[PDB]
Amino acid sequence: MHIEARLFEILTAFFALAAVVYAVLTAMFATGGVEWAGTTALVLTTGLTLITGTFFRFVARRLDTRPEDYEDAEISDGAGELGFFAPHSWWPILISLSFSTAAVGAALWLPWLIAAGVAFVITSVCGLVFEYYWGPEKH
Amino acid sequence: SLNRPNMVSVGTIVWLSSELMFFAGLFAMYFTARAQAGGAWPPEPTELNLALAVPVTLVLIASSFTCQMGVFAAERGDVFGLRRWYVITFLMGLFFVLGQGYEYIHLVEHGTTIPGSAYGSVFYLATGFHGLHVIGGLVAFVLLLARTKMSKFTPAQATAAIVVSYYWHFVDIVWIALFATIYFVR
Amino acid sequence: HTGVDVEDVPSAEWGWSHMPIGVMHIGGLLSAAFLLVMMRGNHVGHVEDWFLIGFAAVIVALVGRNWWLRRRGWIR
Amino acid sequence: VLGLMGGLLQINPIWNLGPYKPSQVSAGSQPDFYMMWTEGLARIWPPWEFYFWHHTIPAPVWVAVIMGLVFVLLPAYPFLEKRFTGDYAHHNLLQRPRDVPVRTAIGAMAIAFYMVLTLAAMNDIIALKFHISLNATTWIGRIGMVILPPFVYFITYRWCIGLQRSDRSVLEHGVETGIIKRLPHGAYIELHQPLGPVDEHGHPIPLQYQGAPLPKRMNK
Amino acid sequence: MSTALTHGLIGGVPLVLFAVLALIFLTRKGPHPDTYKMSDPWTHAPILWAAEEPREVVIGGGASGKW
Amino acid sequence: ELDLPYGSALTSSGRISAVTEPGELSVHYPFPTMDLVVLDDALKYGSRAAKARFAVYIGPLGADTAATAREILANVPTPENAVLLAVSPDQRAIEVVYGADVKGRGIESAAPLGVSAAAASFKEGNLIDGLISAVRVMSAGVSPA
Amino acid sequence: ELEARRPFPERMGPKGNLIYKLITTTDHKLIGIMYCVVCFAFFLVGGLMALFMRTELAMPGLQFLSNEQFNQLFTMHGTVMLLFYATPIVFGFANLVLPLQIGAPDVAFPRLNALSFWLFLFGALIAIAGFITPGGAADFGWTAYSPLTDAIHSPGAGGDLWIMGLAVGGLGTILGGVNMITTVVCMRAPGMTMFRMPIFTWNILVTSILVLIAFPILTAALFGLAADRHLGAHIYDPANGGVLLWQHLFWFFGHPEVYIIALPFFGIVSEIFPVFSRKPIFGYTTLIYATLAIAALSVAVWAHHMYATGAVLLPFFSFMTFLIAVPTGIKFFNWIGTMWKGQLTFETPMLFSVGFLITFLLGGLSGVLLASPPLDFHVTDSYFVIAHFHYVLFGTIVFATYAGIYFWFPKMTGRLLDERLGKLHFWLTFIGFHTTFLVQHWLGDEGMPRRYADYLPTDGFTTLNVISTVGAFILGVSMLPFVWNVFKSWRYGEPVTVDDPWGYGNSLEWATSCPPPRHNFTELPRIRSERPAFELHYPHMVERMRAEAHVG
Ligand code: HEA
Ligand code: HEA
Ligand SMILES: [Cu+2]
Ligand SMILES: [Cu+2]
């Protein structure tokens with residue numbers, strides 16, 4: 001995982017340089033000094049790219065080449081068993097409906113509807129999470 | 001085939017970056033309207049109680065270490081040490097939430113409200129969303145503990161433990177930043 | 001049962017699975033007629049008459065399309 | 001449960017009202033929820049009256065007629081259905097709702113009609129809390145009462161048939177496990193799990209439906 | 001200016017342009033081959049069509065004809 | 001091993017991966033689409049009602065016509081339960097072939113009816129229509145068992 | 001010897017085949033089809049709003065609309081067209097063809113995929129359902145500026161629904177971006193390195209990164225605005241820097257958005273050109289570097305939308321936009337070099353790509369003209385800006401979306417769209433667009449600001465509004481050929497029994513069955529370059545490809 005980390009590090013370098021340049025050039029030459037909004041936004045954009053690139057570097061420096069990282073690789077190299085991929089599920093639409101109920105209750109200021117929407121969100125997220133872990137009914 | 005870098009880990013890290021951008025928006029809101037308030041910018045009916053804000057910060061910092069002990073226990077596949085350390089972390093997070101709420105009650109009793117001033121607005125909007133993120137983390141702890149109770153322990157369960165772990169770590173670091181910005185720098 | 005195919009409805013031999021098509025056709029026609037009559041004694045305003053005629057025309061168009069395609073052999 | 005909710009929730013606080021008097025009124029209406037469909041019918045029915053020689057037939061006669069027609073059609077359904085379907089046998093085993101699509105769609109249509117009539121009874125509360133016009137709510141109920149039930153019927157029919165087809169797929173192949181392989185020549189397979197015997201080629205032998213539910217998750 | 005002119009242009013120019021473009025484009029010939037006439041010889045490759053509907057070499061009869 | 005006509009390739013499996021030029025088609029049946037769809041629907045709904053496959057062949061029979069038709073029937077998926085109709089417009093010849101399982105279900109009374117309908121509609125020059133008429137008559141004749 | 005086929009493939013499918021599958025599905029192909037259909041419905045709604053606006057704008061005087069109604073109309077038109085059609089059509093195309101292009105069987109998180117789709121749908125419905133309020137829908141601008149959106153001014157309930165619907169849709173978009181980044185990083189064939197993957201995949205990766213940068217700050221700003229409107233929260237109070245705080249936050253979100261809806265369509269035309277030129281893509285690594293540079297620069301120009309406020313540092317942002325203008329030109333030159341000296345055939349996707357080229361060139365020229373602060377000082381907030389962003393937006397999303405639909409319809413359905421109807425559709429669209437949006441430059445050059453519901457006869461600009469309305473009605477009538485074509489060709493229409501019905505295709509999606517199976521692949525070829533399907537279908541060409549590649 002070298003190219004991904006390198007991409008994020010290039011982005012981090014540019015964002016950090018732009019952040020510091022803007023901060024200084026607004027500290028001077030500007031009406032009321034530092035702008036305090038674009039500065040914060042650029043600083044934490046740099047932080048975003050930095051977090052991601054750092055995680056990718058740290059997982060890459062303790063890894064050996066994968067078949068997709070390796071030219072001259074054959075398809076027989078990737079033979080095996082991939083992970084688990086969820087087939088059919090109806091829980092996402094219920095989660096969406098719960099969030100929509102909460103959002104309507106927040107738009108029209110209705111605390112009872114907000115509370116009902118939050119309870120529905122909790123219930124449907126629990127349903128989503130426990131879907132492939134419930135055991136058989138113990139009778 | 002096995003593509004050794006974990007997938008849920010990557011997804012969680014990138015979503016945490018997005019949440020960092022959300023807090024960037026909140027921080028810009030706060031830093032504006034401080035450059036406008038002249039002189040004593042925290043108004044006179046506003047006095048911050050440092051005898052309550054440092055203990056809860058220490059409790060959250062200790063939560064970080066208990067959660068790391070939990071994930072250490074998770075990586076060697078025994079569920080019971082995991083459950084113990086995560087119950088401890090849940091209790092400490094609940095203590096932090098209750099302390100924050102009590103400080104809110106005491107601050108509203110004789111002073112700052114959201115419609116009262118601009119300082120109260122930025123203060124409450126910046127700290128209450130962090131409180132909501134802490135409550136989300138607590139709910140995640142509960143759900144993970146129930147899932148470990150309801151089936152056999154596997155590497156997928158260990159991965160779930162790890163990703164909840166560094167979500168909690170992200171929340172703690174964001175609190176450190178907010179606390180240092182609001183109480184000490186002023 | 002009066003009859004559908006197990007290639008259309010897998011569980012056709014386990015329960016009621018067929019309703020005649022004339023019932024649905026005349027029901028759509030009667031619903032259109034009711035929507036049209038529902039503006040008798042028009043109280044002041046006409047924005048709702050446009051919704052009435054719109055829905056009536058849509059229902060009639062659906063029924064007519066189904067009838068035409070069943071008549072020319074493109075259905076069943 | 002009844003004690004908890006009779007202690008913790010306030011219902012019918014008659015003192016906030018007063019004694020009944022023929023001259024006073026309030027924006028309050030809406031009888032208990034099991035009588036709300038009659039109120040909604042009275043609210044959304046159009047004013048059709050008849051005047052002939054020194055006589056009068058007002059509009060609520062329609063409401064009374066529809067109420068009595070429902071009260072008559074409810075106890076007659078078993079006999080109507082046996083006459084229509086021509087099925088006069090004895091039955092001790094139940095049906096799954098997905099296997100009787102026409103009756104399931106009839107019931108869904110009736111529930112949709114009931115729900116429209118029940119929502120039309122809270123016109124004023126809905127218009128006040130959710131910012132909609134009162135005339136708009138009245139017309140919305142009046143048009144929904146005729147256009148929503150057949151839509152629900154159509155959707156329910158297709159939905160039951162889709163559930164049947166899902167059952168048939170699970171009977172033909174095995175339970176889907178969610179695990180993917182790569183098959184060194186570059187093919188992706190899904191690793192089904194059979195519920196019965198397999199052939200010499202490994203593919204499971206298809207089974208017959210028997211009116212019972214089929215497992216869809218490997219963990220169950 | 002000249003309400004009649006405005007409405008006439010706005011209502012009529014699109015339809016005239018549509019008509020002329022349709023007459024230009026939809027009157028051409030598609031890639032679908034022409035229908036085979038029985039007067040001409042059968043030049044296409046052999047054709048075999050089946051039903052596929054009934055799902056899971058001893059002849060049982062036959063019949064012949066010469067039109 | 002074969003020609004692989006300029007775009008086809010044999011893959012890691014036995015499947016061939018062909019291509020088409022950007023403007024051309026990949027079917028080339030010299031009949032209208034609304035003729036092919038009516039033939040397909042007749043062919044499907046006759047088979048579903050008679051519980052036997054129905055097949056149609058239009059290529060040549062430049063030999064003993066019955067023998068060629070019976071050799072052709074071997075390429076139908078389940079040839080024991082199947083009814084095949086072969087037509088040669090070059091030789092003006094019609095043949096119908098049966099299967100072992102489809103026998104005694106009403107077939108011998110239906111093959112000459114189908115041949116007659118096909119010939120009658122070929123006498124005008126309507127190949128696809130004659131095929132449709134013949135298949136309709138034969139499938140209405142046969143019975144499931 | 002012989003093979004048993006059918007006279008015609010099955011038209012529709014059995015009864016009960018779609019509704020439950022639609023509620024329970026977790027596969028990206030069906031999810032992308034749903035994306036496309038719903039996005040086009042929303043496109044039709046927005047176009048109806050635009051037609052009402054044009055009809056009122058002709059013929060000075062208020063003939064049938066009101067001021068409030070016209071304001072609601074342009075607000076909701078902009079909102080729908082930008083956030084309910086383009087941003088979700090991006091992820092529609094992504095879900096359609098990204099796993100097939102990297103050689104994967106699935107996306108990383110298939111249930112998060114469906115969650116994103118349903119969140120989009122319900123958020124859009126919540127935001128649109130403000131028209132049924134007695135006050136009406138939101139009637140401030142699409143930008144929703146600083147003090148006009150409080151509760152004193154604009155007190156209705158439409159703006160609240162607007163805010164909450166935008167928040168829900170933004171959450172859906174964020175989840176989609178996370179999914180796409182993870183899918184590109186983890187799931188990938190055992191020979192496909194990152195510099196062998198297609199430019200469309202590169203562009204989707206970059207666009208997802210931009211999404212994750214841009215949308216959370218919009219969510220934060222919208223929650224702040226809701227706090228103001230529902231609790232009196234002093235956050236955008238002009239007694240503080242509340243007027244410019246909103247503009248800074250909103251435009252920091254909003255420019256990365258207009259780049260989020262451009263790069264995947266650059267990638268689409270980059271996939272389409274080589275196939276119909278029978279040549280390799282010119283400057284592969286150069287296009288990748290240009291995409292990366294555009295992405296990096298796109299987050300540092302936001303305040304060129306704030307020149308006329310007197311509160312921004314003009315030279316910094318002006319230089320940054322002048323800078324960002326260059327990689328787009330590099331990309332244009334690569335696209336030209338791709339077609340240069342080929343064997344060109346002009347089917348519908350190629351025709352639409354060339355139309356994109358022309359329209360986007362003119363739009364980008366007007367934009368680079370717009371980037372000069374002294375020129376913006378006059379032409380800002382006028383119809384010149386409207387003409388500019390309509391040229392760029394139409395050229396990219398409309399033309400590249402049509403090109404991609406015509407390109408990938410066989411791959412997703414197994415049928416071919418008609419070509420004569422497609423040519424009629426293209427020429428109607430071209431003539432209508434250039435008739436409706438060309439005279440607006442002059443229209444705004446002589447003083448006519450945007451968002452004007454009414455004007456006077458003694459003013460100029462009355463014939464040009466008539467001409468623009470004629471063009472808008474042509475654009476409105478241009479959709480019937482396309483809708484009829486899709487509706488007919490889904491069920492009837494020429495079947496495809498081969499892979500790659502457009503010969504000389506690349507990118508590993510033309511190396512599988514035309515309607516791909518579940519899990520997308522029954523075998524894979526050896527991956528040696530960025531044209532694996534080309535090297536698979538033409539093996540007598542690999543030598544001649546490696547030999548004469550660096551001539552120039
Ligand atoms: C996809 C949409 C899209 C795209 C791609 C662009 C592309 C560009 N835009 Fe535009 N813009 C919008 C959508 C878009 N814009 C929208 C929606 C608004 C207003 C929204 C609202 O207010 O409601 C807007 C407003 C806007 C403004 C403010 C106008 C105003 O409000 O007063 C400015 C000014 O800086 C600007 C500049 C640019 C520049 C420099 C580019 C560059 O990317 C273009 C450069 C590309 C070219 C094609 C150059 C060609 C290159 C070569 C071939 C070499 C040529 C050599 C030279 C001439 C240098 N845009
Ligand atoms: C992708 C974005 C996008 C797209 C595709 C369009 C498409 C069009 N736009 Fe829009 N427009 C914007 C984005 C877009 N616009 C934005 C961001 C603004 C600024 C918003 C602001 O001011 O806040 C704007 C503003 C704007 C104005 C200025 C309004 C005002 O400021 O006063 C005008 C008027 O000339 C206009 C015209 C058009 C026309 C004629 C089309 C044509 O291309 C579309 C015509 C299409 C059709 C007509 C569809 C066909 C309709 C049917 C067939 C009816 C069927 C009905 C149903 C199915 C429901 N647009
Ligand atoms: Cu811009
Ligand atoms: Cu402006």
# chains A, B, ... in the order shown; residues from 1 in each chain; ligands from 1

$ residues_near_ligand --ligand "ligand 1" --cutoff "6 Å" --atoms "only C-alpha atoms and all ligand atoms" --output "MDAnalysis selection string"
chainID G and resid 258:259 261:262 304:305 321 325 328:329 332 361 364:365 367:368 370:371 376 380:381 385 389 392:393

$ write_last_selection --atoms "N, CA and C atoms" --output "mmCIF file, in the first residue's frame"
data_model
loop_
_atom_site.group_PDB
_atom_site.id
_atom_site.type_symbol
_atom_site.label_atom_id
_atom_site.label_comp_id
_atom_site.auth_asym_id
_atom_site.auth_seq_id
_atom_site.Cartn_x
_atom_site.Cartn_y
_atom_site.Cartn_z
ATOM 1 N N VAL G 258 -18.904 21.806 -7.051
ATOM 2 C CA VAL G 258 -18.951 21.944 -8.500
ATOM 3 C C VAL G 258 -17.771 21.231 -9.139
ATOM 4 N N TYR G 259 -16.722 20.936 -8.369
ATOM 5 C CA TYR G 259 -15.700 20.049 -8.924
ATOM 6 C C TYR G 259 -16.034 18.579 -8.702
ATOM 7 N N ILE G 261 -18.896 17.364 -9.175
ATOM 8 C CA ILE G 261 -19.787 16.983 -10.267
ATOM 9 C C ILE G 261 -19.172 17.200 -11.645
ATOM 10 N N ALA G 262 -17.843 17.217 -11.760
ATOM 11 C CA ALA G 262 -17.166 17.384 -13.043
ATOM 12 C C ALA G 262 -16.140 16.296 -13.344
ATOM 13 N N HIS G 304 -13.382 33.259 -4.613
ATOM 14 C CA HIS G 304 -13.666 33.989 -5.842
ATOM 15 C C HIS G 304 -15.160 34.173 -6.062
ATOM 16 N N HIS G 305 -15.989 33.616 -5.185
ATOM 17 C CA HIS G 305 -17.416 33.889 -5.137
ATOM 18 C C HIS G 305 -17.749 35.068 -4.233
ATOM 19 N N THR G 321 -7.224 30.737 -8.812
ATOM 20 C CA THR G 321 -8.111 30.325 -9.901
ATOM 21 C C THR G 321 -7.393 30.346 -11.247
ATOM 22 N N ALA G 325 -6.880 26.970 -13.708
ATOM 23 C CA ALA G 325 -7.293 26.930 -15.108
ATOM 24 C C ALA G 325 -6.388 26.081 -16.005
ATOM 25 N N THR G 328 -6.905 21.814 -16.579
ATOM 26 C CA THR G 328 -8.037 21.571 -17.464
ATOM 27 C C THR G 328 -7.620 21.691 -18.926
ATOM 28 N N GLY G 329 -6.769 22.670 -19.239
ATOM 29 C CA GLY G 329 -6.252 22.775 -20.592
ATOM 30 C C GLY G 329 -5.370 21.602 -20.971
ATOM 31 N N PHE G 332 -7.726 18.880 -21.875
ATOM 32 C CA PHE G 332 -8.241 19.114 -23.223
ATOM 33 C C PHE G 332 -7.242 18.685 -24.289
ATOM 34 N N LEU G 361 -15.661 23.845 -23.566
ATOM 35 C CA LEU G 361 -14.633 24.816 -23.924
ATOM 36 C C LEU G 361 -15.167 26.235 -23.801
ATOM 37 N N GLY G 364 -15.679 27.172 -20.071
ATOM 38 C CA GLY G 364 -14.438 27.416 -19.361
ATOM 39 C C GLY G 364 -13.765 28.706 -19.771
ATOM 40 N N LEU G 365 -13.898 29.091 -21.042
ATOM 41 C CA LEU G 365 -13.386 30.392 -21.464
ATOM 42 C C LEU G 365 -14.111 31.520 -20.739
ATOM 43 N N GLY G 367 -15.519 31.320 -17.927
ATOM 44 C CA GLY G 367 -15.153 31.268 -16.518
ATOM 45 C C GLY G 367 -13.793 31.880 -16.233
ATOM 46 N N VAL G 368 -12.796 31.548 -17.055
ATOM 47 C CA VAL G 368 -11.477 32.142 -16.860
ATOM 48 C C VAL G 368 -11.544 33.645 -17.079
ATOM 49 N N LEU G 370 -14.248 35.286 -16.099
ATOM 50 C CA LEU G 370 -14.916 35.629 -14.851
ATOM 51 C C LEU G 370 -13.976 35.675 -13.655
ATOM 52 N N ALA G 371 -12.808 35.046 -13.743
ATOM 53 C CA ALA G 371 -11.890 34.968 -12.611
ATOM 54 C C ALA G 371 -11.109 36.252 -12.357
ATOM 55 N N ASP G 376 -15.237 40.855 -12.867
ATOM 56 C CA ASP G 376 -16.327 40.401 -12.016
ATOM 57 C C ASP G 376 -17.031 41.572 -11.350
ATOM 58 N N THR G 380 -20.663 40.411 -12.253
ATOM 59 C CA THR G 380 -21.137 39.528 -11.200
ATOM 60 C C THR G 380 -22.631 39.724 -10.969
ATOM 61 N N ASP G 381 -23.279 38.673 -10.468
ATOM 62 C CA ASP G 381 -24.695 38.713 -10.099
ATOM 63 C C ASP G 381 -25.584 39.108 -11.277
ATOM 64 N N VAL G 385 -22.996 35.384 -15.537
ATOM 65 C CA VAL G 385 -22.614 34.271 -14.674
ATOM 66 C C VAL G 385 -23.539 33.083 -14.896
ATOM 67 N N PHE G 389 -22.139 29.337 -15.952
ATOM 68 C CA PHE G 389 -22.225 28.077 -15.234
ATOM 69 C C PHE G 389 -23.218 27.133 -15.883
ATOM 70 N N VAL G 392 -20.924 25.383 -18.526
ATOM 71 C CA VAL G 392 -20.043 24.361 -17.956
ATOM 72 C C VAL G 392 -20.849 23.186 -17.407
ATOM 73 N N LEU G 393 -21.927 23.458 -16.664
ATOM 74 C CA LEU G 393 -22.693 22.387 -16.041
ATOM 75 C C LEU G 393 -23.359 21.513 -17.087
#

$ residues_near_ligand --ligand "ligand 4" --cutoff "12 Å" --atoms "only C-alpha atoms and all ligand atoms" --output "ChimeraX atom specification"
/G:141-146,244,247,251,303-310,376-382,385,449-451

$ atom_distance --atom1 "atom CA of residue E:9" --atom2 "atom CA of residue G:463"
11.5 Å

$ atom_distance --atom1 "atom CA of residue B:98" --atom2 "atom CA of residue B:56"
9.4 Å

$ closest_atom_pairs --of "chain G" --to "ligand 2" --cutoff "6 Å" --atoms "only C-alpha atoms and all ligand atoms" --output "JSON lines"
{"residue": "G:44", "atom": "CA", "partner": "ligand 2", "partner_atom_place_in_ligand_line": "49 (C)", "distance": 4.5}
{"residue": "G:45", "atom": "CA", "partner": "ligand 2", "partner_atom_place_in_ligand_line": "59 (C)", "distance": 4.3}
{"residue": "G:47", "atom": "CA", "partner": "ligand 2", "partner_atom_place_in_ligand_line": "49 (C)", "distance": 3.5}
{"residue": "G:48", "atom": "CA", "partner": "ligand 2", "partner_atom_place_in_ligand_line": "51 (C)", "distance": 4.5}
{"residue": "G:50", "atom": "CA", "partner": "ligand 2", "partner_atom_place_in_ligand_line": "38 (C)", "distance": 5.0}
{"residue": "G:51", "atom": "CA", "partner": "ligand 2", "partner_atom_place_in_ligand_line": "48 (C)", "distance": 5.5}
{"residue": "G:54", "atom": "CA", "partner": "ligand 2", "partner_atom_place_in_ligand_line": "34 (C)", "distance": 5.6}
{"residue": "G:74", "atom": "CA", "partner": "ligand 2", "partner_atom_place_in_ligand_line": "29 (C)", "distance": 5.1}
{"residue": "G:75", "atom": "CA", "partner": "ligand 2", "partner_atom_place_in_ligand_line": "23 (O)", "distance": 4.7}
{"residue": "G:78", "atom": "CA", "partner": "ligand 2", "partner_atom_place_in_ligand_line": "16 (C)", "distance": 4.1}
{"residue": "G:81", "atom": "CA", "partner": "ligand 2", "partner_atom_place_in_ligand_line": "2 (C)", "distance": 4.4}
{"residue": "G:82", "atom": "CA", "partner": "ligand 2", "partner_atom_place_in_ligand_line": "2 (C)", "distance": 4.9}
{"residue": "G:141", "atom": "CA", "partner": "ligand 2", "partner_atom_place_in_ligand_line": "23 (O)", "distance": 4.3}
{"residue": "G:142", "atom": "CA", "partner": "ligand 2", "partner_atom_place_in_ligand_line": "23 (O)", "distance": 3.9}
{"residue": "G:393", "atom": "CA", "partner": "ligand 2", "partner_atom_place_in_ligand_line": "1 (C)", "distance": 5.7}
{"residue": "G:394", "atom": "CA", "partner": "ligand 2", "partner_atom_place_in_ligand_line": "5 (C)", "distance": 6.0}
{"residue": "G:450", "atom": "CA", "partner": "ligand 2", "partner_atom_place_in_ligand_line": "31 (O)", "distance": 4.5}
{"residue": "G:451", "atom": "CA", "partner": "ligand 2", "partner_atom_place_in_ligand_line": "32 (O)", "distance": 3.4}
{"residue": "G:452", "atom": "CA", "partner": "ligand 2", "partner_atom_place_in_ligand_line": "32 (O)", "distance": 5.3}
{"residue": "G:472", "atom": "CA", "partner": "ligand 2", "partner_atom_place_in_ligand_line": "40 (C)", "distance": 4.2}
{"residue": "G:475", "atom": "CA", "partner": "ligand 2", "partner_atom_place_in_ligand_line": "45 (C)", "distance": 5.3}
{"residue": "G:476", "atom": "CA", "partner": "ligand 2", "partner_atom_place_in_ligand_line": "48 (C)", "distance": 3.4}

$ closest_residue --among "C:10, C:72, C:34, C:22" --to "residue D:171" --atoms "only C-alpha atoms"
C:10

$ closest_residue --among "C:30, C:75, C:52, C:35" --to "chain F" --atoms "only C-alpha atoms"
C:75

$ residues_around --residues "residue B:119" --least-positions-apart "6" --cutoff "10 Å" --atoms "only C-alpha atoms" --output "mmCIF file with N, CA, C and O atoms, in the first residue's frame"
data_model
loop_
_atom_site.group_PDB
_atom_site.id
_atom_site.type_symbol
_atom_site.label_atom_id
_atom_site.label_comp_id
_atom_site.auth_asym_id
_atom_site.auth_seq_id
_atom_site.Cartn_x
_atom_site.Cartn_y
_atom_site.Cartn_z
ATOM 1 N N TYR B 30 -16.817 28.952 16.434
ATOM 2 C CA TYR B 30 -16.401 29.478 17.735
ATOM 3 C C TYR B 30 -15.358 30.580 17.598
ATOM 4 O O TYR B 30 -15.424 31.591 18.303
ATOM 5 N N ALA B 33 -16.559 35.499 16.153
ATOM 6 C CA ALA B 33 -17.287 36.115 17.257
ATOM 7 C C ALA B 33 -16.453 36.190 18.533
ATOM 8 O O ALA B 33 -16.910 36.783 19.509
ATOM 9 N N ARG B 34 -15.249 35.626 18.564
ATOM 10 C CA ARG B 34 -14.299 35.946 19.619
ATOM 11 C C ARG B 34 -13.411 37.114 19.233
ATOM 12 O O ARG B 34 -13.053 37.927 20.090
ATOM 13 N N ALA B 37 -15.835 40.203 20.008
ATOM 14 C CA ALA B 37 -15.980 40.580 21.406
ATOM 15 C C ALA B 37 -14.705 41.243 21.911
ATOM 16 O O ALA B 37 -13.657 40.596 22.008
ATOM 17 N N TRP B 41 -13.829 39.333 26.665
ATOM 18 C CA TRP B 41 -14.734 38.765 25.676
ATOM 19 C C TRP B 41 -15.691 37.742 26.294
ATOM 20 O O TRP B 41 -16.846 37.677 25.856
ATOM 21 N N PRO B 42 -15.300 36.931 27.283
ATOM 22 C CA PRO B 42 -16.308 36.160 28.015
ATOM 23 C C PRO B 42 -17.060 37.068 28.969
ATOM 24 O O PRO B 42 -16.478 37.564 29.946
ATOM 25 N N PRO B 43 -18.339 37.329 28.703
ATOM 26 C CA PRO B 43 -19.060 38.371 29.446
ATOM 27 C C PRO B 43 -19.057 38.134 30.951
ATOM 28 O O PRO B 43 -18.769 37.041 31.443
ATOM 29 N N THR B 46 -20.417 35.283 33.148
ATOM 30 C CA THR B 46 -19.840 34.006 32.751
ATOM 31 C C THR B 46 -18.535 33.804 33.505
ATOM 32 O O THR B 46 -17.590 34.579 33.331
ATOM 33 N N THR B 112 -25.338 31.952 31.586
ATOM 34 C CA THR B 112 -25.334 31.771 30.140
ATOM 35 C C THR B 112 -26.439 30.838 29.664
ATOM 36 O O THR B 112 -26.676 29.774 30.238
ATOM 37 N N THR B 113 -27.106 31.252 28.591
ATOM 38 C CA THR B 113 -28.046 30.433 27.844
ATOM 39 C C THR B 113 -27.736 30.583 26.361
ATOM 40 O O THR B 113 -26.974 31.462 25.953
ATOM 41 N N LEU B 125 -23.093 25.172 21.544
ATOM 42 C CA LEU B 125 -23.093 24.454 20.278
ATOM 43 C C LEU B 125 -21.802 23.671 20.080
ATOM 44 O O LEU B 125 -21.803 22.642 19.398
ATOM 45 N N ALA G 233 -29.979 31.654 18.371
ATOM 46 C CA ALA G 233 -28.651 31.234 18.791
ATOM 47 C C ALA G 233 -27.531 32.163 18.336
ATOM 48 O O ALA G 233 -26.368 31.764 18.385
ATOM 49 N N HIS G 234 -27.842 33.367 17.860
ATOM 50 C CA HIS G 234 -26.860 34.454 17.739
ATOM 51 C C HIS G 234 -25.619 34.075 16.932
ATOM 52 O O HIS G 234 -24.617 34.791 16.970
ATOM 53 N N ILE G 235 -25.644 32.968 16.202
ATOM 54 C CA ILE G 235 -24.419 32.461 15.591
ATOM 55 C C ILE G 235 -24.094 33.195 14.298
ATOM 56 O O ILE G 235 -22.936 33.534 14.045
#

$ residues_around --residues "residue C:7" --least-positions-apart "6" --cutoff "10 Å" --atoms "only C-alpha atoms" --output "ChimeraX atom specification"
/E:53 /F:48 /G:14-15

$ closest_residue --among "G:72, G:529, G:522, G:219" --to "chain D" --atoms "only C-alpha atoms"
G:522

$ atom_distance --atom1 "atom CA of residue G:467" --atom2 "atom CA of residue G:140"
27.5 Å

$ residues_around --residues "residue B:150" --least-positions-apart "6" --cutoff "10 Å" --atoms "only C-alpha atoms" --output "short mmCIF file (atom, residue, chain, number, x, y, z; two decimals) with C-alpha atoms, in the first residue's frame"
data_model
loop_
_atom_site.label_atom_id
_atom_site.label_comp_id
_atom_site.auth_asym_id
_atom_site.auth_seq_id
_atom_site.Cartn_x
_atom_site.Cartn_y
_atom_site.Cartn_z
CA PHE A 130 -27.32 -8.12 15.24
CA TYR A 133 -25.24 -12.96 15.02
CA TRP A 134 -28.61 -13.93 16.54
CA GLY A 135 -28.69 -17.63 17.32
CA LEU B 144 -20.68 -4.51 20.95
#
